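Chemist: Protein chains in written order, with the UniProt record's numbering: chain W, 27 to 458; chain L, 36 to 249; chain B, 42 to 304; chain V, 427 to 471.
Please read through the structure below; I'll follow up with questions.
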Ligand SMILES: Cc1cc2nc3c(=O)[nH]c(=O)nc-3n(C[C@H](O)[C@H](O)[C@H](O)COP(=O)(O)O)c2cc1C
Ligand code: SF4
Ligand code: SF4
Ligand code: SF4
Ligand code: FES
Ligand code: FES
Ligand SMILES: [K+]
């Protein structure tokens, strides 16, 4: 009837079966692994049926925010006012701890291409723009080899798959900016400007890239869709809990015996992931200090919280953190957590686009303050100031980079204030 | 330094000789036709990247050439040049060593790789070797966090380095030959080092979990 | 007759669709704080000084860029709106130079006035401030660029009103700087208008430098005779001496601009 | 033909060059649809 322990996903129900590149990644291998199967029928069922199945699966955003996919994709169901419509696949993957998108674009690129076709048909888009980060040169070239095979086989382009739908897939490499993972900053980076995010009340579904209706989607969100439509949608919904449904790619990095990328059933306990797939934290589970669950934006949790937490959006939101990109960065007890969070804040300072005052000035301010916190060169009355500054950045910026910089600070202050004050007191004792 | 104001030098000035080779102009033409008519300013980033891949870096003459080719204002090309960190507005070495030093790589001792590089090259972070073969900088996340500390030399990823593997990579780099990218340990791409805790069975054939008529 | 009904602190106003929160507050006589927003320029929405609370909405909105919705109640003086303004002003003043006595903007700044009216009265910034090198864009505009708050008003004006795409931003983050990258003059008949739109002393008039303070000048409203446009101007005088020329708004003739010969 | 999850199958990117991606784009220009047009040649036109 119902599930209560959402783990131990089998190989049969894993979407990304060429995750480690141990099979052919080209068209011939991908076809034998189920790809590009009855795509003509999926397209001919119509956009309404495809979107209905994407809603039935309960799939949410796999690139952070986790907004439901079927509802987001249905903003394009409107009739055309003359302007073109595009699907913009987000392949930037700039979040520290996250390397899951990199693995699809080079070992299952045809999954991404056919997901582009299925989704763009669902949104009624003429072309797909895959914006990959410029650092993924080999992955981008693998993706474009796959796109070339899809074109030469008639699966993309004129009369795509025999459906009569005309669809193009263009790859546009980035040039070294993490802010270009943000959907509107990505849009403006496609348009040849600085990667600065736009103010939202004009939404990408109305005014997107080139000023046309667009939907920006993560690589995994796009790539799972052909298996969602071809396997049932109900089949996808039978994995994980309610709301947060399906399966996810997990990046386990940090103080782990076997850091790895694995596909595990959603709502999996963090313990099962770390022990079964990652081989456990070095020194055992007793040696665990924090774990950052969903990439650098998601605030850390302590070992007590991480002891009995489940890996989905709702369970991790209950734990004052987020699921983010399902990039778990575990830290053993031999870790300077203040140094780690200061390094993350330094990353966010280096990646701020500088457009808006709170991110531009405040993230730099928080980096300056956190650098002192590593040395202890501060008074304990500055911790509350750091909290207030982070809340002043949070909810006051154009994009979510300010929020994702303020959140690691809050997660450090929330669970490791004694360590910060201990460092400050040691510094006061050393420097009289 | 990385200053965001240009100053003319006898090497970097508007009259610095730069132009695209005919093959690069054909590649530019293929790039320009990827975007709708009236919106070809969307090609500034890839055309600038082609300028960098031909010349090695971006002199101000290359920026002006891209602006002329796309009929965008030069200041618009200047903004893109100074915003995206992959654009070399100063010459770099033959091999641009880029070591990731953010937290997931730092926890795997990315500093033991940085110190080995600084010891072998006899150079610091942010400067080139006198033979103009290696430039060393610290970069943010490169999307390879699962692999132990990694570097990007030019276009390739060298992963899970020990303070000895990067020495060998630099040794064969100085010997001219290019090294095989990827993880230098026994693992292949991103799987667990002890064995596959995941897909280990023949993948299902085409049309396995289908429904009705799809 | 297609006007929608919105509320500004409970008071109902009827606005055309597409009217922003800032404009809806403007028609009840309430001026939302702003730095980057100019009504004659495009909307940027970057300074975040116009953030305001929509009743029942957890997240503040940029009043300058957000179109009003039917039934919205703008809370222009709620505590959340005041705290947003105080945080934004704190961030604006974190790296701002302590140049008020030596800066020509002092006494008619905007940063000063909105710090007094909407920000806190004290600092908790305990670090070293930013400093950027000056840019030379001709003999008319003195760019003390470390006073710049990156509102992009000059860039938007130069690109749209003046039609010259010389101004811009280089770099990103905290070290993103407004300028021309290259050493280049900002020559245009309308170049001197980026001085007035600049909210701070980042862009100042070279001829007027160090010469007068705003409070001591007498303002005579007159007409320009350097051309046949008849631009409306204000003549600043002090102790019987003409001090400078400023634009005087006339929507039908010159709006709020004058040419460099007029100025 | 048999199961071969004991070997990497992504060895092509070892032989990629500086112009592999752009050459692939060039060869891709063959089969694309005609781009849409906004009517003008540039927003400054
Ligand atoms: C700073 C920043 C970086 C982001 N980077 C990425 C990224 O690399 N990949 C991604 O898929 N989404 C990224 N996102 C999230 C996108 O903005 C967007 O919400 C998402 O791509 C939408 O598609 P989804 O609903 O399928 O996730 C980023 C967001 C922010 C604020
Ligand atoms: S939050 Fe930061 S990255 Fe996002 S628009 Fe504002 S300044 Fe740019
Ligand atoms: S611009 Fe305003 S706040 Fe800044 S120094 Fe000048 S008078 Fe003071
Ligand atoms: S120079 Fe003045 S007008 Fe231009 S961005 Fe800076 S503060 Fe705004
Ligand atoms: S942390 Fe070094 S690659 Fe992402
Ligand atoms: S005035 Fe609306 S953000 Fe600057
Ligand atoms: K000014």
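The beta carbon of each residue, even a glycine, is placed where N, CA and C say it ideally should be.
Which bits of chain V does residue 204 (chain L) rub up against, with CB to CB less than 8 angstroms?
Modeler: Simply none; closest approach about 14 angstroms.
Chemist: Going by DSSP, which residues form a beta bridge with residue 295 (chain W)?
Modeler: W:336
Chemist: Mind pulling the chain W residues with CB within less than 7 angstroms of residue 193 (chain L)?
Modeler: By Cβ distance, chain W contributes nothing, its closest Cβ being about 12 angstroms from residue 193 (chain L), past 7 angstroms.
Chemist: What are the boundary residues of the alpha helix (DSSP H) that includes residue 190 (chain B)?
Modeler: Segment: none, residue 190 (chain B) is in no alpha helix (DSSP H) and carries neither H nor E.
Chemist: Using a threshold of 9 angstroms, state whether the C-beta atoms of residue 89 (chain B) and residue 103 (chain B) are closer than that.
Modeler: yes
Chemist: Below 8 angstroms on the Cβ atoms is my contact criterion, and I expect residue 242 (chain B) with residue 144 (chain B) to pass it. Report the Cβ-Cβ distance as a whole number of Å.
Modeler: 4 angstroms
Chemist: Taking the C-alpha atoms as reference points, what is the distance between residue 405 (chain W) and residue 187 (chain B)?
Modeler: 30 angstroms
Chemist: From the beta carbon of residue 311 (chain W), is the nearest beta carbon of chain L less than 9 angstroms away?
Modeler: It does not: the Cβ of residue 311 (chain W) has no partner Cβ on chain L nearer than 9 angstroms.
Chemist: By DSSP, does residue 296 (chain B) sit in helix, in strand, or in coil?
Modeler: If DSSP states are grouped into helix, strand and coil, residue 296 (chain B) belongs with the strands.
Chemist: Mind checking if residue 46 (chain L) is an interface residue toward chain B, Cβ cutoff 9 angstroms exclusive?
Modeler: no
Chemist: From which residue to which residue does the beta strand (DSSP E) around residue 259 (chain B) run?
Modeler: 259-264
Chemist: With H, G and I counted as helix, E and B as strand and the rest as coil, what does DSSP make of residue 284 (chain B)?
Modeler: strand
Chemist: What residues in its chain sit with their C-beta under 6 angstroms from that of residue 390 (chain W), if we drop five residues either side in the sequence?
Modeler: 375
Chemist: Is it true that the CB of residue 325 (chain W) sits closer than 9 angstroms to the CB of residue 337 (chain W)?
Modeler: No, these two residues do not count as a Cβ contact at 9 angstroms.
Chemist: Output, in chain order, the set of chain W residues within a Cβ distance shorter than 9 angstroms of residue 102 (chain L).
Modeler: Those within 9 angstroms of residue 102 (chain L) in chain W number zero; the least Cβ separation is about 11 angstroms.
Chemist: Quick one: using the 10 Å Cβ neighbour count with 16 as the cut-off for buried, is residue 208 (chain B) buried or exposed?
Modeler: buried
Chemist: Decide if residue 154 (chain L) is buried, meaning its Cβ has at least 16 other Cβ atoms within 10 Å, or exposed.
Modeler: With fewer than 16 Cβ atoms within 10 Å of its Cβ, residue 154 (chain L) is classed as exposed.
Chemist: Scan the region 71-103 of chain L for residues whose Cβ lies nearer than 7 angstroms to a Cβ of chain W and list them as they occur along the chain.
Modeler: Within the region 71-103 of chain L, 71, 74, 76, 77, 78, 79, 80, 81, 84 place their CB atoms closer than 7 angstroms to a CB of chain W, listed in sequence order.
Chemist: Return yes when at least one heavy atom of ligand 1 lies under 8 angstroms from the C-beta of residue 86 (chain W), else no.
Modeler: yes
Chemist: Can you tell me whether residue 214 (chain W) is buried or exposed, with buried defined as 16 or more other CB within 10 angstroms of its CB?
Modeler: buried
Chemist: Taking C-beta pairs closer than 9 angstroms, name the residues in chain D that residue 439 (chain V) reaches, listed in chain order.
Modeler: No chain D appears in the structure shown, which is made up of the protein chains W, L, B and V.
Chemist: By the criterion of Cβ-Cβ separation under 8 angstroms, what are the contact partners of residue 442 (chain V) in chain W?
Modeler: 163, 164, 167
Chemist: In the DSSP assignment, find the beta strand (DSSP E) that holds residue 62 (chain L) and state where it starts and stops.
Modeler: Unbroken run through residue 62 (chain L) is the alpha helix (DSSP H), 57-67; no beta strand (DSSP E).
Chemist: Provide the residue(s) that pair with residue 291 (chain B) in DSSP beta bridges, ordered along the chain.
Modeler: B:296
Chemist: Run the proximity test for residue 106 (chain B): is its beta-carbon closer than 8 angstroms to any non-hydrogen atom belonging to ligand 6?
Modeler: Correct: residue 106 (chain B) has its Cβ closer than 8 angstroms to ligand 6.
Chemist: Would the beta-carbon of residue 218 (chain W) fall within 9 angstroms of that of residue 111 (chain L)?
Modeler: Their beta carbons are under 9 angstroms apart, which means residue 218 (chain W) touches residue 111 (chain L) by this criterion.
Chemist: For residue 87 (chain B) versus residue 382 (chain W), is the C-beta distance shorter than 9 angstroms?
Modeler: yes
Chemist: Does the distance from the C-beta atom of residue 65 (chain L) to that of residue 451 (chain V) stay below 9 angstroms?
Modeler: yes
Chemist: Is the number of C-beta pairs between the region 346-353 of chain W and the region 364-371 of chain W that are closer than 8 angstroms three or more?
Modeler: Touching, no.
Chemist: Quick one: which unbroken alpha helix (DSSP H) runs of 4-plus residues sit fully inside the UniProt domain "4Fe-4S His(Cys)3-ligated-type" (121-160) of chain B? Chain order, please.
Modeler: Assignment of alpha helix (DSSP H) within the UniProt domain "4Fe-4S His(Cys)3-ligated-type" (121-160) of chain B, counting only whole runs of 4 or more residues, yields 152-159 in chain order.
Chemist: Along the chain, where does the alpha helix (DSSP H) containing residue 211 (chain B) start, and where does it finish?
Modeler: Segment 209-211 is the beta strand (DSSP E) holding residue 211 (chain B); no alpha helix (DSSP H) there.
Chemist: Is the region 76-92 of chain W close to the region 191-202 of chain W, with three or more CB pairs under 8 angstroms?
Modeler: Contact between the region 76-92 of chain W and the region 191-202 of chain W is absent, because fewer than three Cβ pairs lie under 8 angstroms.
Chemist: Scan the region 75-114 of chain W and note each continuous alpha helix (DSSP H) run of 4 residues or more that stays entirely inside, going in chain order.
Modeler: 95-99
Chemist: Beta carbon of residue 43 (chain B): closer than 8 angstroms to some heavy atom of ligand 6?
Modeler: no
Chemist: Can you find a heavy atom of ligand 3 that lies under 8 angstroms from the Cβ of residue 153 (chain B)?
Modeler: yes
Chemist: Within 10 angstroms of its Cβ, does residue 307 (chain B) collect 16 or more other Cβ (buried), or is it exposed?
Modeler: Outside the displayed range of chain B (42 to 304) lies residue 307 (chain B), so it cannot be described from this structure.
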